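For the record, the sequence lines run as chains I and J. All residue numbers for the first sequence refer to the deposited numbering, where the first residue is 11 and numbers rise by one. All residue numbers for the second sequence refer to the deposited numbering, where the first residue is 112 and numbers rise by one. Positions of the beta carbon are idealized from the N, C-alpha and C atoms, including for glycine.
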Amino acid sequence: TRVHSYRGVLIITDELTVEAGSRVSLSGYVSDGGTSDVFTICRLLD
Amino acid sequence: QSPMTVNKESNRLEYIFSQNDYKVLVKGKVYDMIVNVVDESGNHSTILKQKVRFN
């Protein structure tokens with residue numbers, strides 16, 4: 011009788027996954043003119 | 112001559128009259144309201160020329 015044993019290595023298996031997300035943000039409004047240069051009263055003529 | 116309020120929210124040029132202004136006014140006189148607006152490029156411009164009576 012021997013009963014003699016052996017020894018191995020520590021083998022482990024795992025599944026890893028990292029995830030993320032996305033969101034789009036928008037801000038708009040109906041045009042009521044716009045930032046202009048030389049905002050002055052005018053007198054058009056044809 | 113007093114500055115007005117450029118109101119973004121209500122989209123109006125407004126001014127409230129106080130008790131101090133009325134110390135230089137007389138009840139009945141028909142004054143003229145002239146409104147000037149100055150843009151970024153420094154251009155004074157008359158917008159309104161209404162007449163007001165404080166009765």
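Within chain J, no C-beta atom comes nearer than 9 Å to that of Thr27/I; the closest sits roughly 48 Å away. Ranked by how close their Cα comes to the Cα of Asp143/J, the residues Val117/J, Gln161/J and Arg123/J have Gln161/J in first place. Residue state for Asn147/J is assigned as strand, using DSSP reduced to three classes.
Taken through DSSP and simplified to helix, strand or coil, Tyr133/J comes out as helix. Under the Cβ distance rule, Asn147/J does not count among the residues neighbouring chain I, no pair being separated by less than 7 Å. Shown here, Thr23/I sits in coil according to DSSP, grouped into three states, outside any helix or strand. Within the same chain, no residue comes within 6 Å of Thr50/I by CB-CB distance, once the 5 residues on both sides are set aside. Within the DSSP bridge table, the entry for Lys119/J names no partner. Within chain I, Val48, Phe49 and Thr50 have C-beta atoms less than 9 Å from the C-beta of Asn154/J, given in sequence order. In this structure the region 138-158 of chain J lies against the region 41-50 of chain I, because at least three pairs of beta carbons, one per stretch, are closer than 8 Å.
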